[PDB]
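Neighbour counts are summed over all protein chains in view; Cβ atoms, including those assigned to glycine, are modelled from backbone coordinates with ideal geometry. FYI, it's all coordinate maths here, none of it is from the lab.
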Number of protein chains: 2
Amino acid sequence: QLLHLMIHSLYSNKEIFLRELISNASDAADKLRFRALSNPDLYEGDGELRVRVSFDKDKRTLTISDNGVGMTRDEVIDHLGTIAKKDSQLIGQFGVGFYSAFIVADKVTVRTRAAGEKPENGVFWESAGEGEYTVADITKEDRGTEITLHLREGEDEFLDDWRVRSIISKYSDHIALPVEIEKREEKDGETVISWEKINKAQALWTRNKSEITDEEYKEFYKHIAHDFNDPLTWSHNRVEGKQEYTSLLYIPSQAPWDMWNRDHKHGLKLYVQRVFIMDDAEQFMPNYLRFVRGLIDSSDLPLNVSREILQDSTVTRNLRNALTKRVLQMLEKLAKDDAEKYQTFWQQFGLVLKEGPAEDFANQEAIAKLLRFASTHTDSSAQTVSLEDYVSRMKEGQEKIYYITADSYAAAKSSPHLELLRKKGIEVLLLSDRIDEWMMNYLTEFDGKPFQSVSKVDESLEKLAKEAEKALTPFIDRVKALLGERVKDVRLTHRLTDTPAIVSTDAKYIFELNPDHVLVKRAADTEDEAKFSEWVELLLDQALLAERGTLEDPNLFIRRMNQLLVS
Amino acid sequence: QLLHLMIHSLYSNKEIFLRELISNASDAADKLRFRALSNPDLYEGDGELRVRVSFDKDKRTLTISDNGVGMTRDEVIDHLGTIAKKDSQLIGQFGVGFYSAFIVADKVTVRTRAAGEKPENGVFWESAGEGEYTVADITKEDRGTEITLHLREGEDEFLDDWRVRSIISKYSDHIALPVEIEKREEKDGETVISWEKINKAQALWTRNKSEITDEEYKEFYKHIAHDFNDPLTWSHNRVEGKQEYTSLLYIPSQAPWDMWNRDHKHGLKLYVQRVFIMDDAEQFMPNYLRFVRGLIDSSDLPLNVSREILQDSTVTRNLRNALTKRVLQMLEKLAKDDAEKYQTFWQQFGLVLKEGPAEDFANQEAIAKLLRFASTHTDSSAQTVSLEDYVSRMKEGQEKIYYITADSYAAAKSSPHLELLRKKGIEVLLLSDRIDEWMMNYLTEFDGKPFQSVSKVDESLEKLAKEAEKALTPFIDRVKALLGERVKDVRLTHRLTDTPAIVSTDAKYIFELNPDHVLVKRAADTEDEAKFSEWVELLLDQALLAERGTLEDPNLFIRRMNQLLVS
């Protein structure tokens, strides 16, 4: 996680630390304001919660001091000293700030006092970034945390009133916490201090969709999803009545590490009356949409809600399905708006969506519409085509959608099953993904047209000369005598293709041959019993290798083929 | 077990029941005489233990009455009534008798009284063979068992004094228990009863090897091994001194059902001073000889011996290794005497012997000598050849014995590895058995000549023109450019054979080619880059299929080959 944190902790853009810290400042406020309810005293009278930035020209320090929830010693040791010489859940929001901060500064100093704790139990922390941190019990009367930055020789860039104020607003905007800054005017005798907020300060989601710029939207995704790839696109939707909730969903441009662990990240940030209640709550998404990220501010749920109350009760189930559609909404929408970006989304989340048709039955059609496959239309492994792109191609009588389920692209693309339809002028869905085979067990019918796998048949190829069939009946008898009962039967089918023969099965195998193939004719010219049996044995062993990719005596097949070549 | 019990319970030969019953009579005596020691009273004064046969002309019944150990009710119910409407361990000795008896008789009546039990707790048993048996508490003063046979209409054959006496001795001979029979002479007033034994009565193994006929030896194997295939051959050996023990081992002609279970049968019958002590004790064989069957009469072991004392102590370990050699002795011997019968033994026990070289290190050479493989000498899957038969073929400089380890005959026989030596004029051991691969890890060296698998190389083929090698170095470069790094290297070896190319590995793969093959020349004539790559790709994919029997994209390989054929 941190490596591709570092690449842009560079950015070359440096000033990043400030943002990331303000992020921390906010989340701090939240966790505080949350913990408030269960012990209304922790505010200690000081209820105007905020964050004040300051700086000293002579000692050359920048100084971010919030009055959130602060830290217990153990927390300072468990976090800051897990950064010196769960844990990635601290590196989550906090890591970026740390390392980034040490880009601009050469000594960093923390000075906390966790909300509620006695002012003697405050804490102190310092390091020159090296393999060494220094932590000590100290006193700090106020509540919260104070971070101070010994600036590195030659970064006076950050002592410039205008530069800082700028760098502030360039993030302060999308942030719910009042971000003040040091206004000191020195008159002779009265060196007067006051603090001015550069921030509108208002939960961005509680604001109205018109005034919220794309910037505020993107950067807000950063701050809530601990990612700094820009998001793909979002959904800011309010609701009044019984269910009065606001909700704001995003869709990431790039999928996280632990998407393919059974260890989470997922969930949405659940507020109740503009008050944080928990991060990464995962009731409000179906598991086939887990990649959804964002928050939801309900005015209906209990003020003492738990993950138990959520998971069990019913207002959740409703809230879920609603948000679900909201998301499918967002995707269909993005699908038609910026197909460039959706192609991105698909390459980044398809495999998870594909879980959907089995899970959320209700919206099954809508989900299908979102899928994006690859097909014989173009010989690229790229998964561009859609179910409409397919129906839009269909020919008369083509009442089913034809697909194949392999283990990889080249495989499916090589399969003989294809050439029947590739010749007759049809389109074939190439499902060269792991899950696909399971998917189809639920992806039964779309747009009135059912799905039917080439790897079998019924009344699909039942419709899709007879004298060659006649002479084929003497040939058939010759074969049935040649083998007998290693094969359940012998048939002559017109899976035209360029492959001679093929085994099949019902709902040992059934041997099938193609009257129109050169090898079939050059094996029909055979009277010599040696080559007769040799050819036929080759063909059977072949169709086996084609349907199982393994042979009893491989070296034998190899020997036979190599013989008929040189001769 | 019973089905191939029935086939010869037929025999057509009928009279079999009598034998099988007398068998029962003996074993009965034994278990009794054994139980005697731990409670010397059970003899009830009656110490002349025996078995008396009688018969009634008018009621038409034959009547075998032994004074062994009898049966508790529960035993009569658990055994005889497991035969009506462990358990195969009762069907072991007893089943044959039962069913056979009901061949000659139409009602059978048992009448027991288990040794020690009160005469009121005797038991009674009867049936017309059908799905119905009848058992009742009864009184019988004497100890032991009495079996009575209501003879079937038209089998008066068995009421004939001479017929019976004959049928008696035709088994009584090899049996250790005195087999008496009813001598009644009717004088007017004195209808006098006495009993005359038709049996020498003496533990056949305690007798001397000269007087014991082959009959007595074979039939005795029957009686101890509950089998009535004739044995293959045996070993009757006595020992005096510290270890004074007699021992008599056999080797079955046919291997039992449960040879290939992890549920036993094996073990030898351990006597201590001519007194049975336990059947199927398996300390006195190594597990690679478990198919050994027979008994051993020690005069040294404790009179209160357990399987614990046996397995743990040391006199066993000695006794074992001794008997072990005795068995290898017996086999070498049979190997040279009747190669017809040994071929039988091998077909019937080889796979178990083959466990040996890993287990019994001491006799490892001797064991090897016994093995019997199959080799290119003749294209039959039959495993006739031996390690001497091989050395007796060897050519100058051939310092190693060459073998191949496959999954089946045709496989190993098809392998390309062979043709190098098949051409250069050598012999190849075909090990197409499961265990072989494990065996060789211990079967390192024999008769000074080591073993070396064709499936690898060292200084074996290091010894077993250079201008073709030169031009091959331009060709090699062309190939190394064609592929690059899907193969660790490209080489040209002279594994002459008729196979073009082959991958190898050390102690991805290494690609190797045969300058002398037609396909190699017809691929050296190639300038067209399309076929150039097409040929080479084919060759690589081939050698893969040859060394793994599976391909990434099989249908592709198939397509390529089929193309080059028709074109």
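Could you bin all the Cα-Cα distances of the range A:174-218 into 5 Å bins starting at 0 and give me the percent of pairs in each, rounded to whole numbers?
5, 19, 19, 16, 11, 9, 8, 7, 5, 1
When averaged across all projection directions, what area in nm² does the alpha-carbon convex hull of the range B:364-479 cover? Numbers along the way, then the final one.
Values: hull surface 35.4 nm².
Orientation-averaged projected area of the Cα hull: 8.8 nm².
B:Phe451 to A:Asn121: FRET efficiency via 1/(1 + (r/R0)^6), r the Cβ-Cβ distance, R0 60 Å, to the nearest 0.05? Please report the intermediate quantities before stating the final value.
Values: r = 77 Å, r/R0 = 1.28.
Working from the Cβ atoms, E equals 0.20.
Could you work out, for the range B:1-60, what percent of all Cα-Cα pairs fall into each 5 Å distance bin, beginning at 0 Å and stopping at the bin that holds the largest distance?
It works out to 4, 13, 16, 17, 14, 14, 11, 9, 3, in whole percents.
Report the rotationally averaged projected area of the protein assembly as shown based on its alpha-carbon convex hull, in square nanometres. Please list the in-between numbers first.
Values: hull surface 296.2 nm².
Projected area, direction-averaged: 74.1 nm².
So for the range A:418-508, what are the equivalent ellipsoid semi-axes in whole Å, largest first, each being the square root of 5 times an eigenvalue of the Cα gyration tensor? If you can, show how the numbers build up before the last one.
Working: eigenvalues 190, 58, 29 Å².
After diagonalising the Cα gyration tensor, the semi-axes are 31, 17, 12 Å.
Along each principal axis of its Cα atoms, how long is the range B:375-423 end to end? Whole angstroms, biggest number first, please.
29, 23, 16
In peptide A:540-553, what is the residue-averaged number of other protein chain Cβ atoms found within 10 Å of each Cβ?
On the way: counts 0, 0, 5, 1, 1, 8, 5, 2, 2, 9, 6, 5, 6, 11.
Other-chain Cβ atoms within 10 Å of each residue's Cβ, averaged: 4.
Return the tail of the calculated pair distribution for chain B, meaning the percent of Cα-Cα pairs more than 30 Å apart.
Summing the P(r) of chain B above 30 Å gives 64 percent of all pairs.
If neighbour count is taken as other Cβ atoms inside 10 Å, put B:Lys85, B:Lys107 in order from fewest to most.
Working: B:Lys85 9, B:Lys107 15.
Result, fewest neighbours first: B:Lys85, B:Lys107.
Which residues in the range B:79-105 place their backbone N less than 19 Å from a point set 7 Å from the Cα of B:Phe34 along the Cα-to-Cβ direction?
B:79-80, B:86-95, by backbone N distance to the label point.
Could you pull the Rg and Dmax for the range B:109-191, using just the Cα atoms, both in Å?
In order Rg, Dmax, the Cα atoms of the range B:109-191 give 16.5, 46 Å.
When the Kirkwood hydrodynamic radius is evaluated over all pairs of different C-alpha atoms of the range A:462-567, what value in angstrom, to one decimal, is obtained?
Roughly 14.4 Å, rounded to one decimal.
Just to be sure I follow the rule: in the range A:1-200, considering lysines 8 or more places apart or on different chains, how many pairs have Cα atoms under 17 Å apart?
Value for the range A:1-200: 11.
Across the range B:191-274, how large is the tail of the calculated P(r) beyond 17 Å, expressed as a percent of all Cα pairs?
Details: 2042 of 3486 pairs.
Here the long-distance tail beyond 17 Å is 59 percent of all Cα pairs in the range B:191-274.
With just the Cα atoms of the range A:257-320, tell me how far they stretch along each of the three principal axes, in Å, largest first.
34, 21, 16
Nearest 5 percent is fine: what portion of the DSSP beta bridges confined to chain B is antiparallel? The partial results should precede the final answer.
Numbers: 60 of 77 bridges.
Roughly 80 percent of the beta bridges in chain B run antiparallel, per DSSP.
Quick check on the range B:331-432: what does the Kirkwood estimate of hydrodynamic radius come out to from the alpha carbon pairs, in Å? If you can, show how the numbers build up before the last one.
Working: mean 1/r = 0.0685 Å⁻¹.
This gives a value of 14.6 Å.
Residue by residue through B:556-566, how many Cβ atoms from other chains fall within 10 Å of the Cβ on average?
6
Antiparallel DSSP bridges in the range A:426-545: what percent, to the nearest 5? Don't jump to the answer; show the numbers that get you there.
Numbers: 6 of 10 bridges.
DSSP beta bridges in the range A:426-545 are roughly 60 percent antiparallel.
Can you give the translational diffusion coefficient of the range A:201-371 in µm²/s, computed by Stokes-Einstein from the Kirkwood radius over Cα pairs at 4 °C and 1.567 mPa s? It would help to have the intermediate numbers written out before the result.
On the way: Rh = 16.5 Å.
Reported coefficient: 79 µm²/s.
Using per-residue counts of other Cβ atoms within 10 Å, averaged over each peptide, order B:40-49, A:64-73, B:540-549 from highest down. Each step should come with its number before you reach the end.
Values: B:40-49: 11.5, A:64-73: 23.2, B:540-549: 19.7.
In descending order of packing, they fall as A:64-73, B:540-549, B:40-49.
Could you tell me the distance between the Cα centroids of the range A:500-567 and the range B:470-518, to the nearest Å?
28
For peptide A:412-424, how many partner chain Cβ atoms fall within 10 Å of a residue's Cβ, on average? Display every interim value, and only then the final one.
Working: counts 2, 3, 8, 4, 3, 1, 1, 1, 0, 0, 0, 0, 0.
If you average over the peptide's residues, the count of other-chain Cβ atoms is 2.
Suppose only helical runs count, i.e. DSSP H with n ≥ 4. What mean residue ellipticity at 222 nm does that imply for chain B under -39500 (n - 2.57) per run, divided by all residues and rounded to the nearest 500 deg cm²/dmol? It would help to have the intermediate numbers written out before the result.
Numbers: 19 runs with 207 residues, N = 567.
Value at 222 nm, helices only, nearest 500: -11000 deg cm²/dmol.
Working from the alpha-carbon coordinates of the range B:160-239, get Rg over Rh, Rh being the Kirkwood radius. Provide the component values of the computation, followed by the final result.
Working: Rg = 16.3 Å, Rh = 14.6 Å.
With Rh from the inverse mean 1/r over Cα pairs, Rg/Rh is 1.12.
Of the listed peptides A:114-123, A:287-296, what is their order by residue-averaged count of other C-beta atoms within 10 Å, with the highest listed first? Display every interim value, and only then the final one.
Working: A:114-123: 17.7, A:287-296: 21.1.
Going from most to least packed, we get A:287-296, A:114-123.
If you line up the Cα atoms of the range A:297-377 on their principal axes, what length do they span on each, largest first, in Å?
55, 25, 19
Only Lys, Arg, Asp and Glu count, each charged at its Cβ (+1, +1, -1, -1), so figure out the dipole size of the range B:1-200 about its Cα centre, rounded to 20 debye. Intermediate values should be presented prior to the final figure.
Numbers: 28 positive and 39 negative charges, 108 e Å.
Using Cβ point charges on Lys, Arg, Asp and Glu, the range B:1-200 gives about 520 debye.
Give the Rg (one decimal place) followed by the Dmax (whole number) of the range A:1-141, computed from C-alpha coordinates and expressed in Å.
For the range A:1-141, the Cα-based Rg and Dmax read 15.3, 44 Å.
Would you mind calculating the gained length between B:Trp257 and B:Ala382 on full extension (0.36 nm times residue separation, minus the Cα-Cα distance), in nm to one decimal? Display every interim value, and only then the final one.
Numbers: separation 125, 0.36 × 125 = 45.00 nm, distance 2.30 nm.
Value of the extension gain: 42.7 nm.
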